[PDB]
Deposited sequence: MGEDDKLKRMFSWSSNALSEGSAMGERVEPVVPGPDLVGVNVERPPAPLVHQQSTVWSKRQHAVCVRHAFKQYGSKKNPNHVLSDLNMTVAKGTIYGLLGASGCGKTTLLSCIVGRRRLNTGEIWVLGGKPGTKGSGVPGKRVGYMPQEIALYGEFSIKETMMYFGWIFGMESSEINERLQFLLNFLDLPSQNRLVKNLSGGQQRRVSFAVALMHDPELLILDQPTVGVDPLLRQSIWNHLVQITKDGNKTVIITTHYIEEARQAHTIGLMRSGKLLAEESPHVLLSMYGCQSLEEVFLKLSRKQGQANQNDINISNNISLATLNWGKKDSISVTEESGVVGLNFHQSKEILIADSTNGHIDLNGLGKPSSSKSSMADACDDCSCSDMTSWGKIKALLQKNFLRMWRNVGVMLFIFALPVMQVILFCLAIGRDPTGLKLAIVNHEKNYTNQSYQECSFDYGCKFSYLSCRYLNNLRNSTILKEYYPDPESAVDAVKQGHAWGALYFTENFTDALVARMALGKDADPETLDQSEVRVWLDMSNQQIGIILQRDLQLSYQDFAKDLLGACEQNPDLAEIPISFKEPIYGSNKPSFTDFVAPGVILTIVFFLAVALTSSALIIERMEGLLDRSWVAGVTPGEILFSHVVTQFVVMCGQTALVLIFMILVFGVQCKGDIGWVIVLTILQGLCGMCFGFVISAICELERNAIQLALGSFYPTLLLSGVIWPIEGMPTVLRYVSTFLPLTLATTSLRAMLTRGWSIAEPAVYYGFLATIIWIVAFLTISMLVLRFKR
């Protein structure tokens, strides 16, 4: 015998209503015969064939094919001794008709010499087009012929065909059946074929009709047809492992290269957004305008005042002397005649402030500087600059305030120096010494970059892994490759290697553009930064594993990834210090995947701390624990599935 199904049982659904399909079978197939499995719906027999090959299991009963159990020991149905054609077209669209045969030839372990001979034979037999045409460019009928060629190409000894003749010209279906009869008659082979044209399967040596959940009858066509003296069959029915890893790796690196959309999305988007972020976010505002109502000098234009004075003693004007100390980068002076037009300009939106030096500014400032603590109230109001600022914008309102006081500090120090005096006399008692861990003029982009790097690397892996594992299982490609002999260990190993290479390339590009091209500093060790980025990428890949394990449609996976991409970015302190959140939220947010990693990377970049500091290796510990947790969850989900 070849297959000895006995007392088979199966049921879909749940306890509320189990879909009772394929119950209490009795099927047997002998060597050298063309079996025929006929039915009504194209899924009561697909389940049986899937159970026979080994990609599914029966609830009760015994199953026996080609020596032993379908897929553990003795039998060879998960091996190269069975040819399988899935009901759908389980083929890759980026391959030629020659590469799509060389791939399976390497998977089945055949020498490359015989593949060409069998390729020419199958091309002659099936009159397929030129062997260099891509599969995705073929029509819907030649794909089935290519799949038939792939099924026959390795010379199996038990052919299991799932509707091979549906959209085929009858002048070719006749040849197909003749070929099956030829190879089965004398060879030590067997054929199991399911068809929808009951009358077509007249050359089968045995026909088993499937009705409800069991084989209705089992007999040769002649005896079955002559039992009732029928005229038609429809009337009766109306009563080494390294060789299989290289091929997977090559196909994985080729499928990503012939799809320009994927290459763009996962290689030119990170670079573009890194460039945009470095060019736009974090820089100091420039070009801010001011309204100057300096009444100590005559008014000529709105862009000219003739601010001239003396750089020595005698303190000529001291209102042009102060304005000379204002920074020329972030402030552009504009001149107005009276203190009402200036505030009107601020109100309408033509400026950010007003100054209004009083016409008695010098004669009162040089009196305040000399009188000291015994100064009358008159020479304390006519010796001041009155600033009406626009505080609707926080960042712009901070820079203006800071630069209107640093300029006065420089003004006072210059006054003291030009008078041959100690310049420390113009200093507040609070004395800010050299910063311990930074510079006196910090930047905001150096705070956001370690946390944009990790965000990019983490969230560009979940999508790729989820899509690659969803659009491949749902198309019947993983199941087709499994029957060829590829164990699940090799598929996972190849996928991990491919994803590792992709994330290594992404990390290289992002770190080259952030640190070398632009001015983002790195005071720590670059090797540990690379290791942390790669570990975050692996954590993202494990999250993609979980997402693809619990999801079955490619549109639900994107929703699930997007629903978790926002809160983690908003809670991990990427764009604002984590010290601002409330106490309860600050404790919850440290258990998220990206919080401690971002903190440790920021410490590495902006302080230079080694690996021994707890604030540095807590990120590594958190990332490793999250990888382990994601792997455990992914394995647990696939238990009841």
Deposited sequence positions missing from the model - stretches, numbered from 1, in order:
1-61, 301-388, 791
